[PDB]
Protein chains: 2
Amino acid sequence: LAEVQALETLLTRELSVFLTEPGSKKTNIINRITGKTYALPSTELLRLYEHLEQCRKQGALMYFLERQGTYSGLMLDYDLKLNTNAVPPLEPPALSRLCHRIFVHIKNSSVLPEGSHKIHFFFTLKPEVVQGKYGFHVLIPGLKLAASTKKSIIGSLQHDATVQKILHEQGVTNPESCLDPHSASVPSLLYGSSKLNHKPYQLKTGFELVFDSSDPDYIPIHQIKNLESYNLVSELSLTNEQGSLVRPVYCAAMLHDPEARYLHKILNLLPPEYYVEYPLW
Amino acid sequence: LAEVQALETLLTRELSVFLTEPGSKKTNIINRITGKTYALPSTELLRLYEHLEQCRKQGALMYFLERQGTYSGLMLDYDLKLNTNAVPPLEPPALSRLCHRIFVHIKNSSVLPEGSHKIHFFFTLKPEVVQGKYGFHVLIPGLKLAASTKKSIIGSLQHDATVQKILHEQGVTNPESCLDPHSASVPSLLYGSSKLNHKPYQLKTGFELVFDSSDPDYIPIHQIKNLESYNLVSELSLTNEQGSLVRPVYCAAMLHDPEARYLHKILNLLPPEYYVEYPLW
């Protein structure tokens with residue numbers, strides 16, 4: 001495929017010069033398919049995002065992660081157990097209320113700058129329920145938060161009665177324990193990327209929240225209408241600062257290799273009950 | 001025009017049976033074009049509102065007033081003197097804050113019922129500035145208040161420092177004296193109606209305020225999104241109790257024959273300078 005060939009040329013010929021060592025703190029980008037780690041400057045991050053976006057629009061297999069580090073956008077990872085194997089409705093009113101509640105905890109952290117600011121929320125959803133297991137990511141990529149503040153906000157969100165209600169009415173049976181408390185620290189999948197055993201989350205709905213320190217009771221939340229117009233890998237990135245839709249607001253401070261072969265061997269190597277092998281290894 | 005013909009047939013054939021005498025309190029509806037006064041029961045008020053709404057959507061000349069009487073919705077009449085002949089921005093955050101401040105005075109009157117209640121605020125604006133003169137109406141049609149309570153709320157609102165600030169930042173030079181203190185007692189124009197020398201005020205923005213006696217510090221104010229879906233003459237009416245959007249919340253308790261065929265003399269006795277006549281009276 002042309003756009004995959006283009007991404008391969010960008011990575012090997014050009015971005016190879018930014019390869020980081022294992023456990024380097026400069027790392028911001030992880031390609032878990034090639035097992036490569038990079039520290040991309042903003043110019044080369046954007047060039048990467050243009051290639052990943054073209055690959056995304058053509059349904060190409062990507063496994064790119066960004067490292068959150070100590071100061072970046074907020075990501076919430078929800079792992080849902082559902083009543084049924086039916087995708088929950090998650091219509092705009094429920095997601096809108098989620099944004100408001102998430103914001104109340106951000107505001108309560110006391111780190112928001114004074115003045116009028118737009119912040120964007122994006123909800124990407126697991127494409128199907130598998131054995132009642134479902135998921136969504138909430139990305140607030142533009143709201144640049146300290147890691148410690150993210151952890152605090154996540155702690156508060158786990159105990160939010162209104163959020164638990166919303167999730168319960170969607171058919172969630174684990175509303176108390178569905179938010180990953182390590183959401184603040186885990187490397188975060190780029191839009192269009194996934195673990196090699198999963199399919200990529202799909203952007204369902206994005207919202208624009210405006211806050212004004214002078215008028216704190218007015219918190220307008222509206223659906224973003226022309227999402228397709230933007231580079232979504234770019235806009236949704238927690239570490240990007242050069243998005244077009246998403247403008248930053250600064251708050252106070254593995255070895256798998258499937259390769260489309262012998263996957264059936266891994267699939268049928270599990271039904272044997274030979275978990276212990278003293279003579280049979 | 002068809003809808004004007006329909007309204008003419010409704011008025012003459014059907015509603016004529018509800019014609020009131022001059023100065024009859026029973027009067028709730030005044031047609032200042034025909035000089036007719038009516039006491040319409042709720043069923044016939046609604047039929048009127050359906051016809052007035054159809055006439056409004058086609059830009060028909062209406063001069064209908066409703067009489068507030070002793071117990072009805074709240075209307076605030078603001079007569080602004082502006083810095084310039086430019087329509088002031090009056091964006092949702094400013095109008096949202098106005099609603100909050102208006103509500104603080106309503107709450108302070110002590111007449112609100114206990115429990116959870118929605119009340120709707122509607123802002124209708126003078127279509128253009130004329131010689132720096134501008135206007136808006138704030139309609140709270142669903143909040144049924146005693147006339148004496150409205151007068152008290154209006155008195156308090158005139159002296160509100162936050163309201164004066166908001167109006168000042170909009171370019172208002174009379175923020176202390178722009179609220180008509182007779183807002184409680186004056187007959188109130190139906191939406192789409194105006195004095196014969198003026199154009200009708202246009203609905204810019206409406207807000208839903210929820211109050212809960214159990215949780216008094218939580219006062220959510222949100223823009224109403226599907227305003228066009230409703231009969232606006234109906235919903236905005238201070239005396240209506242059968243609106244769909246606006247559900248009531250109950251608080252504790254002339255120019256002879258002005259058809260201008262002879263008032264052409266009234267028109268032409270103004271040009272002469274013979275106002276004082278010692279031998280020619």
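Backbone-built Cβ (ideal geometry, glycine too); neighbour counts: all protein chains shown. Values in this text are rule-based calculations from the coordinates and carry no lab data.
Express the Stokes-Einstein translational diffusion coefficient of region B:127-281 in µm² s⁻¹, to the nearest whole number, given a Kirkwood radius over alpha-carbon pairs, 10 °C and a viscosity of 1.306 mPa s.
81 µm²/s
How shielded is A:208-220 by partner chains, expressed as the average number of their Cβ atoms within 10 Å of its Cβ atoms?
Partner-chain Cβ atoms within 10 Å, mean over residues of A:208-220: 4.
Amide H neighbours of B:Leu74 under 5 Å, counting only residues 5+ apart in sequence or on other chains, H built in-plane at 1.01 Å?
B:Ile140, B:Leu143
Quote the relative contact order of region B:112-215 in percent (integer), defining contacts as alpha-carbon pairs under 8 Å separated by 6+ residues.
47 percent.
Quick one: label points 7 angstrom along Cα→Cβ at B:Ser213, distances to the other copies in nm, smallest first?
From this label point to the equivalent ones elsewhere in the assembly: 3.9 nm.
Taking the Kirkwood radius as the inverse of the mean 1/r across Cα pairs, report the Rg/Rh of region A:136-225.
Ratio value, two decimals: 0.97.
Dipole magnitude of chain A about its Cα centre, charges +1 at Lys/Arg Cβ and -1 at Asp/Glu Cβ only, in debye to the nearest 20?
For chain A, the charge dipole is close to 160 debye.
Given R₀ = 22 Å, FRET efficiency for A:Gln202-A:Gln164 by Cβ-Cβ distance, to 0.05?
It comes to 0.30.
Quick one: which of B:212-221, B:163-172 comes out on top by average Cβ neighbours within 10 Å, and what's the full order, highest first?
With the highest mean Cβ count within 10 Å placed first, the list reads B:163-172, B:212-221.
What is the distance in Å between the Cα centres of region A:21-43 and region B:253-274?
86 Å
Counting each DSSP H run of 4 or more residues in chain B as -39500 (n - 2.57), what helix-only mean residue ellipticity at 222 nm follows after dividing by all residues, to the nearest 500 deg cm²/dmol?
-7500 deg cm²/dmol
Measuring label to label, 7 Å along Cα→Cβ, what does B:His198 give against each other copy in nm, shortest first?
6.0
May I ask which residue of B:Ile106, B:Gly243, B:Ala146 lies farthest towards the positive end of the charge dipole of chain B, with charges of +1 (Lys, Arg) and -1 (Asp, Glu) on Cβ and the Cα centre as origin?
Of the options given, the answer is B:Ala146.
What distance in nm separates the simple spin-label points at B:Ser214 and A:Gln223, each placed 7 Å from Cα in the Cβ direction?
3.2 nm
If I model a spin label as a point 7 Å beyond the Cα along the Cα-Cβ vector, how far apart are those points for B:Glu3 and A:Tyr250 in nm?
5.4 nm
Along region B:268-281, what does the Karplus equation 6.51 cos²θ - 1.76 cosθ + 1.60 (θ = phi - 60°) give for ³J(HN,Hα), rounded to whole Hz, x for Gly and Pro?
Each residue's phi maps through the Karplus curve to give 9, 7, 7, x, x, 8, 9, 5, 10, 10, 7, x, 10, 5 Hz.
Could you work out how much longer the chain between B:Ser24 and B:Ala147 gets when fully extended? Use 0.36 nm per residue separation minus the Cα distance between them, nm to one decimal.
Full-extension gain reported as 42.5 nm.
Partner chain Cβ atoms within 10 Å, averaged over the residues of A:148-157 - can you pull that number for me?
Whole-number average of other-chain Cβ neighbours for A:148-157 is 0.
So, in nm, how far is label A:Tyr71 from label A:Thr12 when the simple model puts each one 7 Å beyond its Cα toward the Cβ?
3.8 nm
Whole-Hz Karplus ³J(HN,Hα) for region A:179-188, in order, using 6.51 cos²θ - 1.76 cosθ + 1.60 and θ = phi - 60°, x for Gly and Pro?
7, 4, x, 9, 3, 6, 10, 4, x, 10
May I ask you to order B:224-233, A:17-26, A:233-242 by the average number of other C-beta atoms within 10 Å around their residues, highest value first?
Highest mean packing first, the order is A:233-242, B:224-233, A:17-26.
Pairs of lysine in region A:19-136 with Cα under 15 Å and at least 8 positions apart or on different chains: total?
Summing the qualifying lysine pairs gives 5.
Using the Cα centre of the protein assembly as shown as the reference point, and only Cβ charges (+1 on K/R, -1 on D/E), how large is the resulting charge dipole? Debye, rounded to the nearest 20.
40 debye
Provide the net charge surrounding B:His105, with neighbours chosen by a C-beta distance below 14 Å and charges set as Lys +1, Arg +1, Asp -1, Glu -1.
Net charge around B:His105: +4.
What percent does the relative contact order of region A:22-139 come to when contacts are Cα pairs within less than 8 Å and at least six residues apart?
Answer for region A:22-139 is 28 percent.
Put a point 7 Å out from Cα along the line to Cβ at B:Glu169; what are the distances to that point in the other copies, in nm, shortest first?
Distances between equivalent label points, in nm: 3.3.
Which FRET efficiency value, to the nearest 0.05, do you get for A:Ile33 and A:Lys133 by plugging their Cβ-Cβ distance into 1/(1 + (r/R0)^6) with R0 = 41 Å?
Efficiency for this residue pair is about 0.95.
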